[PDB]
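Going line by line, the protein sequences match chains K and J. Going by PDB author numbering, the residue at position 321 of the first sequence is 413; the numbering climbs one at a time, nothing skipped. FYI, the numbering for the second sequence is 93 to 621, 645 to 652, going by PDB author numbering. C-beta atoms are modelled at their ideal positions from N, C-alpha and C, and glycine is treated no differently. Following: one structure in structure tokens, then a few remarks.
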Amino acid sequence: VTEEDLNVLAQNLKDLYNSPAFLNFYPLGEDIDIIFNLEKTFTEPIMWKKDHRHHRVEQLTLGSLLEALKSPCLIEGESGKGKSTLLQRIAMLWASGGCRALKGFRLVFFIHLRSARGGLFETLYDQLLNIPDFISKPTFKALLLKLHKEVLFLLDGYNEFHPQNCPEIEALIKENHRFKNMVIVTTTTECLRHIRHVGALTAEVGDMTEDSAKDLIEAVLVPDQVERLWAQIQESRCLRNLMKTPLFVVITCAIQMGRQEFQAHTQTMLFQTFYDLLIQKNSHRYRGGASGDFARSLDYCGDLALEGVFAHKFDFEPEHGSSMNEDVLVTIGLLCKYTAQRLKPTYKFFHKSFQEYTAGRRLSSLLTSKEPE
Amino acid sequence: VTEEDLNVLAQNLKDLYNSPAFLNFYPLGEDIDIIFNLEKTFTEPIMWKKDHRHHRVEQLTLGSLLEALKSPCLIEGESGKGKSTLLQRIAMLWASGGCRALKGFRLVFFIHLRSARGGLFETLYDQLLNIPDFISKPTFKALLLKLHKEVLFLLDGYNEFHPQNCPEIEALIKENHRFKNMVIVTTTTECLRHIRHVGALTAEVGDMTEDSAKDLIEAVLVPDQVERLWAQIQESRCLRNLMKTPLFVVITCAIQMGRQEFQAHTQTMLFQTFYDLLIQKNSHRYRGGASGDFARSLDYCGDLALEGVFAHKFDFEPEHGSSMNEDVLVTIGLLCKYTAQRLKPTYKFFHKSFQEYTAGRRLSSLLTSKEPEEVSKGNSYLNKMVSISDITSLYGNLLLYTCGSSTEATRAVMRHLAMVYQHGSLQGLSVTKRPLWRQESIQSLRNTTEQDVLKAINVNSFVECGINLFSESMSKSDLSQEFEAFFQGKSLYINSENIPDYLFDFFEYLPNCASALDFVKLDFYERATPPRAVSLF
């Protein structure tokens with residue numbers, strides 16, 4: 093293998109993203125479905141470049157980010173599906189004849205932070221698989237540098253990231269000044285402060301428009317069924333604004349399988365299914381406690397959850413000492429937190445008010461409790 | 093070996109499928125026979141491409157799928173013989189001079205998900221066997237790619253699939269974007285969601301036409317024997333629609349070996365043989381439990397089976413916790429399930445109503461049980477049901493299913509038939525529908541109003557149910573004091589235009605109890621010509 097066939101492999105890269113796995117959503121193991129296939133669901137992402145002060149600076153979309161792009165990305169957004177497969181499809185835009193700055197990269201490689209295997213470049217072979225056999229890893233670095241700007245990489249899996257297989261992960265980002273290719277560095281936000289000193293670019297995924305998010309609802313629902321829902325979020329302004337994030341939409345999308353029109357009817361009972369899903373996600377992730385009883389920790393801070401409605405704020409600071417493990421919920425996403433100086437936890441995963449049902453629930457846990465007191 | 097001899101091996105592939113094993117059906121170890129040789133039995137498959145929403149999009153057959161084909165297939169259908177050998181014969185169509193898009197592939201290889209052996213390509217050698225000796229596995233992949241679209245592969249065995257020999261199975265499908273050949277990926281449906289993200293094509297095997305399915309019956313049966321059966325599914329619309337699937341056909345096909353014409357006679361007793369066959373298939377597949385007592389789990393959910401007739405639905409959600417193992421039946425096929433978001437189990441393997449006998453059977457299991465209280469528990473399931481009335485819904489037929497199930501015990505059933513005071517239901521029925529008139533009759537001369545039978549309109553509706561019930565436990569003279577009393581104070585009225593064949597049926601063992609009824613009423617139009648009527652008297 094030589095570099096003259098990089099006009100072969102490049103085409104192959106364009107067909108790496110030409111598959112439903114990239115285009116069908118939530119790609120496994122559920123496949124819930126979160127929403128729908130990514131292409132009908134896909135739209136330009138609300139993002140905002142931020143300052144070092146810790147506040148937003150300008151409003152970007154990828155379409156306007158294309159020529160303004162720099163590397164590494166410290167670009168971040170609130171947890172959920174997030175970067176999803178939409179950046180993958182952004183690559184797919186590089187492979188759909190997209191704007192020139194998507195072709196400003198002769199080769200584009202999707203990268204997986206979430207899974208890794210020696211030899212470490214073969215992770216991509218263990219993922220992308222289009223890796224030719226002649227190219228040793230040194231050869232592969234030498235090859236990549238033959239060009240120096242003609243490759244882009246998306247890193248997928250920032251919380252999923254663990255200590256195992258940790259080296260030559262920061263090398264793409266920190267040693268990017270000598271790796272010469274550009275790259276988009278995946279972030280969750282709990283974690284971001286682990287690379288807040290590496291990336292020449294940085295943006296915050298702003299909450300999506302409610303209206304734009306209805307373009308999500310549309311893909312599975314009949315269009316009148318969507319209009320029925322459109323009447324349904326008129327029920328309340330708190331319901332109407334749920335559509336800011338695609339996740340709330342997913343919360344009401346999971347319900348249409350049995351119904352032509354529905355409500356919960358409570359905005360909170362909608363919210364509870366999502367909490368159980370949260371339990372579902374973290375069962376492998378108990379991170380201490382017994383079985384599912386890590387769940388018990390949210391209950392341990394239940395009178396706290398009680399306090400979110402009650403202390404006029406959904407924001408808390410985890411208790412000093414062994415109870416700091418309460419911020420397990422940030423790990424769970426019940427309480428995901430914003431990196432900031434003198435930072436303290438909040439429930440927002442997008443919309444901290446989402447935690448209102450649990451506060452009502454704790455009261456219920458009190459009402460259905462073993463004794464009158 | 094080189095590629096210039098791929099015009100040799102290709103011909104050999106065409107004779108791989110040129111064998112009875114491909115063409116004779118169910119290919120081992122039974123060979124039941126399911127139906128017949130595949131060629132007389134073979135027809136174009138009802139399939140429907142589906143959307144990501146989880147509903148059908150268009151109606152395809154393979155013949156129209158030939159040029160529209162894409163790869164991988166997520167194409168699926170309800171469990172049974174399914175893809176059978178019919179796709180194998182589709183290959184055989186590629187090797188029978190078939191349409192151009194079957195020859196759009198220079199080489200076609202049948203693949204077995206069900207059995208595998210290293211080296212893994214030699215599985216095909218251990219199956220197809222036409223694998224030349226020079227071709228190492230790398231050589232074989234390089235060779236296959238020399239062409240990049242000129243090979244098709246059918247994967248056979250999706251539930252049969254296991255963890256052993258699992259790698260380079262998804263490589264044909266997921267790494268198909270670099271394997272360049274097309275391929276049809278076998279699916280069962282319980283399993284499908286394991287590749288719902290790999291296949292560029294996807295279709296749902298729609299239930300076959302009843303009429304088309306008779307082309308199945310024809311291959312073993314004499315043609316008049318088939319016509320006799322054609323009269324036999326006229327017995328009931330539920331029987332008539334059984335032919336939607338080839339399996340129900342197999343259920344009645346297994347019976348012709350001793351008979352020129354037959355019935356079960358119950359649509360359910362037909363259904364029971366199929367259940368036992370289900371037990372037969374899964375004995376190697378006990379998947380927990382002791383011996384055959386995995387069967388006991390359906391019984392464990394027996395009061396559930398009871399509920400399928402009873403909870404107006406054959407659909408259930410398996411119990412949270414260790415009992416989720418109940419969906420063993422999905423593994424068994426008693427309850428196969430549709431993949432879908434927020435999915436819960438159903439009995440359909442094709443036609444979930446098939447489970448109606450087991451619900452009747454559970455009641456029987458209660459009636460034949462070691463003690464009177466379990467029987468009364470079975471009886472308490474009759475505190476659930478109001479008269480024949482419920483012929484409109486799942487418990488109507490239920491007493492039938494109770495009876496095909498048990499003998500003497502249906503006297504208990506006859507007791508509730510005496511506990512009927514509702515007269516069925518009067519909705520949608522009128523004493524002025526039988527004559528077809530809006531004007532005074534002879535029956536009208538007997539009364540001061542236009543109506544009256546209407547009030548107790550289903551007095552003879554009861555009788556049709558009754559002849560079936562009499563017939564179902566084959567209840568002879570044993571249940572006669574009851575039936576003299578059950579049709580008492582009632583009248584039956586027949587039109588000549590709509591004369592049933594089933595009235596001489598009751599007259600099996602008890603024609604005399606006809607005089608429990610008051611008047612049998614007959615309307616004779618068009619011509620005085645009634646020899647068919649008298650034959651009854």
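Taking only beta-carbon atoms, is residue i less than 8 angstroms away from chain J?
| i | result |
| --- | --- |
| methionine 184 of chain K | no |
| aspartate 97 of chain K | no |
| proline 119 of chain K | yes |
| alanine 292 of chain K | no |
| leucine 221 of chain K | yes |
| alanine 382 of chain K | no |
| residue 44 of chain K | Given that chain K is displayed from residue 93 to residue 465, the structure contains no residue 44 of chain K and the question cannot be resolved. |
| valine 312 of chain K | yes |
| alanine 346 of chain K | yes |
| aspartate 107 of chain K | yes |
Judging by CA-CA distance, which residue of the options is the nearest neighbour of residue i?
| i | options | result |
| --- | --- | --- |
| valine 467 of chain J | J:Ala504, J:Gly496 and J:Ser481 | J:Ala504 |
| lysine 142 of chain K | K:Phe134, K:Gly381, K:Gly291 and K:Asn257 | K:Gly291 |
| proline 527 of chain J | J:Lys173, J:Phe578 and J:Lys613 | J:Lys613 |
| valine 512 of chain J | J:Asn257, J:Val551 and J:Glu532 | J:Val551 |
| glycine 190 of chain K | K:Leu154, K:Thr215 and K:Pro137 | K:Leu154 |
| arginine 320 of chain K | K:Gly298, K:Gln352, K:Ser456 and K:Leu293 | K:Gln352 |
| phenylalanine 611 of chain J | J:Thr621, J:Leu602, J:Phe652 and J:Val318 | J:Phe652 |
| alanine 577 of chain J | J:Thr135, J:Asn587 and J:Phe554 | J:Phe554 |
| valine 314 of chain K | K:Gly298, K:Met349, K:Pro230 and K:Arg285 | K:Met349 |
| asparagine 222 of chain K | J:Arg329, J:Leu308 and J:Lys266 | J:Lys266 |
| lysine 436 of chain K | K:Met416, K:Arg453, K:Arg454 and K:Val318 | K:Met416 |
| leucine 178 of chain K | K:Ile138, K:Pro464, K:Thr215 and K:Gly380 | K:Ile138 |
| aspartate 368 of chain J | J:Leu426, J:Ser414 and J:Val312 | J:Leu426 |
I'd like to check one pair, residue j with residue i: are the Cβ atoms closer than 8 angstroms?
| i | j | result |
| --- | --- | --- |
| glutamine 180 of chain J | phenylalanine 213 of chain J | no |
| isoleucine 591 of chain J | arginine 647 of chain J | yes |
| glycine 470 of chain J | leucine 459 of chain J | yes |
| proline 224 of chain J | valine 93 of chain J | yes |
| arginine 148 of chain J | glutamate 296 of chain J | yes |
| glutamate 448 of chain J | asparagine 489 of chain J | yes |
| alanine 451 of chain K | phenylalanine 408 of chain K | no |
| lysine 306 of chain J | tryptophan 322 of chain J | yes |
| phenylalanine 575 of chain J | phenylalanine 562 of chain J | yes |
| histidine 289 of chain J | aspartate 123 of chain K | yes |
| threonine 438 of chain J | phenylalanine 406 of chain J | yes |
| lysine 162 of chain K | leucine 331 of chain K | no |
In its own chain, which residues sit with a C-beta less than 7 angstroms from the C-beta of residue i, not counting the 5 before and 5 after it?
| i | result |
| --- | --- |
| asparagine 333 of chain J | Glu302 |
| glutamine 580 of chain J | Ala608 |
| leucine 236 of chain K | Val243 and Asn273 |
| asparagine 251 of chain J | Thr280, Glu282 and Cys283 |
| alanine 548 of chain J | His515 |
If you drop the 5 nearest sequence neighbours on each side, which residues of the same chain put their C-beta closer than 6 angstroms to that of residue i?
| i | result |
| --- | --- |
| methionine 184 of chain K | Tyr109 |
| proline 119 of chain J | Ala113 |
| residue 627 of chain J | For chain J, the structure lists 621 followed at once by 645, and that leaves residue 627 of chain J out of the model. |
Using a Cβ cut-off of 8 angstroms (strictly closer), state whether residue i contacts chain K.
| i | result |
| --- | --- |
| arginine 647 of chain J | no |
| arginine 434 of chain J | yes |
| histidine 240 of chain J | no |
| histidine 376 of chain J | no |
| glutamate 150 of chain J | no |
| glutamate 267 of chain J | yes |
| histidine 404 of chain J | no |
| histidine 144 of chain J | yes |
| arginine 285 of chain J | yes |
| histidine 147 of chain J | no |
Below 8 angstroms CB to CB, which residues in the same chain sit around residue i once its five sequence neighbours on both sides are set aside?
| i | result |
| --- | --- |
| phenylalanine 253 of chain J | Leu205, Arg206, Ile261 and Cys283 |
| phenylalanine 197 of chain J | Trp186, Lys241, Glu242, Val243, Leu244, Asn273 and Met274 |
If you pair each beta-carbon of the region 330-349 of chain J with each one of the region 390-397 of chain J, do three or more pairs fall below 8 angstroms? no
Note down, in chain order, all residues in the region 111-135 of chain K with a beta-carbon under 7 angstroms from any beta-carbon belonging to chain A. Of the chains in the structure shown, none is chain A; the protein chains are K and J.
Determine contact between the region 346-365 of chain K and the region 384-393 of chain K, defined as no fewer than three beta-carbon pairs at a distance below 8 angstroms. no
Counting Cβ pairs closer than 8 angstroms, one from the region 273-286 of chain K and one from the region 124-142 of chain K, do we hit at least three? no
Touching or not, the region 98-113 of chain J and the region 436-454 of chain K, by the rule of three or more beta carbon pairs under 8 angstroms? no
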